[PDB]
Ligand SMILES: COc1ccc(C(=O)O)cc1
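As structure tokens, one chain now follows by itself in the form deposited without the named molecule.
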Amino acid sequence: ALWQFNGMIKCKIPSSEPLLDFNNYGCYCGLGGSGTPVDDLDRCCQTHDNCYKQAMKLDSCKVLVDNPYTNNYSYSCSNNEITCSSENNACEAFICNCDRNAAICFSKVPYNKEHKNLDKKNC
């Protein structure tokens, strides 16, 4: 769920408020996404959106009322690394992996502030 993804990104980027910094960035970072990623961060968000789309196709996820934004799963941050828990059921474990991969991708690419609150004419 979104709260865990928030905690994951802070795990890798301790100076960020993820819901502020990485919301509404580029064509993909944020609810929705369309068109060509504007940079590498946006491309991280595109992969993550595609991972969420693949999760919602799985039979395990289809059974659950919860969607990837509200489906709580368990993970730990320890020494700035993320580990998804073996206690997670198949759906929540796939989502945890999506989010972990996105948090790592976020920490390894440039942040271009001029893509912040990008006017969606560009997408």
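Position 1 is the first residue in the sequence shown; the rest follow in order.
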* Asked: With respect to the recorded C-alpha B factors, which stretch has the higher mean value, 93-101 or 51-59?
  -> 51-59
* Asked: Per the entry, where is the mean C-alpha temperature factor higher: 20-28 or 108-116?
  -> 108-116
* Structure fact -> Max C-alpha B-factor within the set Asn67, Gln46, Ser85, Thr36 falls on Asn67
* Structure fact -> In terms of its chain's C-alpha B-factors, the third that includes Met8 is the lowest
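Below, we turn to the form solved in complex with the named molecule, even though it does not appear here.
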* Asked: Just one of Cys84, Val38, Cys91, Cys45 has a heavy atom within 4.5 angstroms of the named molecule in the deposited bound form, so which one?
  -> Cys45
* Asked: Should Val63 be counted as a contact of the named molecule in the deposited bound form, where contact means heavy atoms within 4.5 Å?
  -> no
* Interface membership of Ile104, the named molecule in the deposited bound form, 4.5 Å heavy atom rule -> no
* Asked: So, in the deposited bound form, is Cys29 in contact with the named molecule at a 4.5 angstroms heavy atom limit?
  -> yes
* Give a yes or no for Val109: in the deposited bound form, does one of its heavy atoms lie within 4.5 Å of a heavy atom belonging to the named molecule? => no
* Going by the named molecule in the deposited bound form, which residues of 65-81 come within 4.5 Å of it through any heavy atom? -> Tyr69
